[PDB]
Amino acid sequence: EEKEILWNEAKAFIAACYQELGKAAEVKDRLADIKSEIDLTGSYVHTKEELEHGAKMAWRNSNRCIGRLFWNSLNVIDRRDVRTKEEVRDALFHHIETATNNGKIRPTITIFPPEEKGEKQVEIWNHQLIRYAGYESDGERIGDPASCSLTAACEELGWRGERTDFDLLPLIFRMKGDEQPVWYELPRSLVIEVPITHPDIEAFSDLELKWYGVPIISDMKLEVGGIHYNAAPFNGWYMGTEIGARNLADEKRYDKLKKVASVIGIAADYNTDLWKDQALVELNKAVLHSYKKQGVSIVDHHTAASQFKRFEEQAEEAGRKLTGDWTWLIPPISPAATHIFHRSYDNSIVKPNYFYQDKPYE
């Protein structure tokens, strides 16, 4: 009965994948092999080529992602061979190093062994491989509030954060058969961070803001042809607004706009002064300037949207339907200055794709 769902997903993915790779004549034989393998084993194993193209298709199909123009150049690392926690750890360290690439970020995914009977082989607890801790007790808020529950779970396991506003969380994951996850402190030499300064307001450095170089999302499930790769961290480079208009700006995150207004020398008293808007613009200029000055890849929302327009044009030319989530594609500052705001998108879900999955803590 589950062999049923699997086989159907397999037929659809292999046909599509092989068409795209110019291997259409190999489909019959490959599906025959797949069919025996499911019958006998309950599952099937992707070839390296299928897995690579599958991860790339999954990015291409991610409705909420504005960065999809570059789907075909995703660097896919096949780590289906790992069996021990040390191998998982070192694969994760390697992903950070190779993705970071001295600042010239390479969009990369590392793919771990997939679920078997819906049994995870490896279960990653981090939201991103590099992320700051958050604390709150006695009204006192420190660090990143979005990290509060994982931070508390880490401190249940014997880790202790220094309680700066920018503590790096350890890697934390659980192996099949183990009751508890293990954790490993990140080697600081692997983690690039960028201090936030402003191109012409010298006092901006008084805020002592920084952010990390590479967002490596590690809690989503990659699904390809019926196979569920629950552990498959991936990364791009940041779009500036993610950091300047959300991470550093949201009231439920670092909540810095009032402090930004003060250092740029404007009053934060009247809604009609649009001081939040002005502060947002200067904070976002600072983030882009700072990443560029440090030689870490980043894209601004205008350039990103113009890349996405090319992705739309490419989809049409290739004869593929385009799907998108308008509510996530529009950037959180000046959305009406992008073409995205002025058209609509079909939010249908197409596989292969990346999906949310339940948190193992909380």
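When you see a residue number, it is the position in the sequence shown, counting from 1.
Look at the C-alpha B-factors of 229 to 237 and of 180 to 188. On average they run higher in 180 to 188. Averaged over Cα atoms, the B-factor as recorded in the entry is higher for 41 to 49 than for the other of 64 to 72 and 41 to 49.
Taking the deposited Cα B-factors for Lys221, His94, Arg131, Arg83, the highest one is held by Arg83.
The PDB entry gives the largest Cα B-factor of the residues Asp250, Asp277, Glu193, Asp138 to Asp138. Among all modelled residues in this chain, the alpha-carbon of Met57 has a temperature factor (C-alpha) in the lowest third. Among all modelled residues in this chain, the alpha-carbon of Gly118 has a temperature factor (C-alpha) in the highest third. The entry lists a Cα temperature factor for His127 that places it in the lowest third of the chain's modelled residues. Sorting the modelled residues of the chain by their CA temperature factor places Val263 in the highest third. In the deposited entry, the Cα temperature factor of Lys285 sits in the bottom third of values across the chain's modelled residues.
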